[PDB]
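A single chain, nothing else alongside it, follows as structure tokens in the form deposited in one PDB entry.
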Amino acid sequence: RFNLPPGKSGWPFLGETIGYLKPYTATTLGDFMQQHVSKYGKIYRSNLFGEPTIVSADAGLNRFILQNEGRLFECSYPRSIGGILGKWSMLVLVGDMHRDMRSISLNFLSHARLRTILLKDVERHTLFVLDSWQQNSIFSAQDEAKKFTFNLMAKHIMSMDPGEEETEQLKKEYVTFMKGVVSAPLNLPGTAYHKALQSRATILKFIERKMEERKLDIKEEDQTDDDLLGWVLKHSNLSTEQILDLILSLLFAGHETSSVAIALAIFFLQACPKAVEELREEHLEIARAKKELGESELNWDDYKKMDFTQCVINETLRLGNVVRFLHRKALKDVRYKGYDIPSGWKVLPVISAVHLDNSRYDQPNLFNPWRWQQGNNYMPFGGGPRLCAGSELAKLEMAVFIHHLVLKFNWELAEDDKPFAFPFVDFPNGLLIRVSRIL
């Protein structure tokens, strides 16, 4: 194990971030962005992730970039990220195989499947986590949200059941694996990146074992495409290596961001009692109607009643900005507002910028869910051809979690030392809270 001389952790300039809100990280993104925008304006150049880079806090340019994917710009992560996610990870791929994998993901996460299958299981996994919560006892809201979102995705990707020893161990392995993307890409014994590469090998071996079992399942039930692993084996022509990277990546994407989104909602709501009251009123009415009909499990009609919840969700994503920026590269010389973006340079559209623009939002730094009672100024899931394939599941997860959360608990920050300080919220300790049962 190398004893490297001390120094700043993570990527140069930004610290431990690759563009999204990651709990438990040491990040300087907020100060970097505010200082450069103040000094150079909304479109400036720097050197980030090892390359000359144009950073865009300009809403028009960000829209222009996302809409011109494949023609003027393309998704482009640092090459070191390929070692973590794999050569066939759709999150970093462009071209025909990305198109095929996006089509798989859109089928896996379709509206039809949300209504018929995923909604029932979202509630089950929500209650599984919430029923274990104890009162008056400090814990990480982010950790608990990640338990929920990971269990849900592990169930529907590989049929793994919540709380089973193998499911908890895989989740722990993902912690080490995912830290690799925000670490300095130093492949030396003892570094977070090296450990992340080891975790990748461990996870890939686990997934391939599950794949061998599913191949037997398919053969036996011939003489089973319920989970994504079975579906891809039967309905796609992906190679083993491509199946492995796809599962690895969807399980990553399927629980990293949605857990943070739920933690952000918990954070914003504890500071806005009026919103909690209106949520409780909304979800109490939903429960009353279901009791009046003798129903016990949520259905799609219940979800459609959650009008103010959707306002809370929209406002949580607008102000919390799970995704701060995306990774692009110019395919040609591009001119915008008189500036030249050279061919081959990295381009980082800071998509959170339009969300905090006081030209687009009255009091953009204020958590005001009622603004959505009265998108082009709203892009927490991106835009253009790579728009989040799991956006509707993410909102369903937040809404169902909030539904049971506000019916069952009050909550409070571990200490009253956490005010929302523009521009970016960080969760260096995983949002510690305490709950009290409503009874």
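In this text, the rigid core denotes the largest set of C-alpha atoms whose superposition between the two forms falls within 1.5 Å. Position 1 is the first residue in the sequence shown; the rest follow in order.
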| query | finding |
| --- | --- |
| Cross-entry absence of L186, a third or more of other PDB entries | yes |
| Flanks modelled, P419 absent in at least a third of other entries | no |
| Residues with no coordinates between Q374 and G375, taken from the deposited sequence as a class | 10 or more |
| Missing residues, deposited sequence, between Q223 and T224 (class: none, 1 to 3, 4 to 9, 10 or more) | 10 or more |
| Comparing 257 to 265 with 177 to 185, the one whose average Cα B-factor in the PDB entry is higher | 177 to 185 |
| Greater mean Cα temperature factor according to the PDB record, 351 to 359 or 268 to 276 | 351 to 359 |
| Peak C-alpha temperature factor (PDB record), options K234, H125, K87, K155 | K87 |
| Residue selected from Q135, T202, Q142, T240 by maximal Cα B factor | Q135 |
| Lowest, middle or highest third - CA B-factor, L14 | middle |
| Relative C-alpha B-factor of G320, binned into the chain's lowest, middle or highest third | lowest |
| Entry-reported Cα temperature factor of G60, expressed as the chain third it lands in | middle |
| Ranked against its chain, the third holding the CA B-factor of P380 | lowest |
| Entry-reported Cα temperature factor of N47, expressed as the chain third it lands in | middle |
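Keep in mind that the form deposited in another entry is missing from the display, and what follows is about it.
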item: Mobile residue between this form and the one not shown, C-alpha criterion 2 Å or more, rigid core, from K290, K215, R79, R280; value: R79
item: Large Cα shift (2 Å or above) at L29 between this form and the one not shown, core-fitted; value: yes
item: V182 C-alpha shift between this form and the one not shown of 2 Å or more, rigid core reference; value: yes
item: Inter-Cα distance between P423 and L319 in that other deposited form, nearer or further [3 Å or more]; value: farther
item: Closer or farther in that other deposited form: C-alpha pair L264, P419 (3 angstroms or more); value: closer
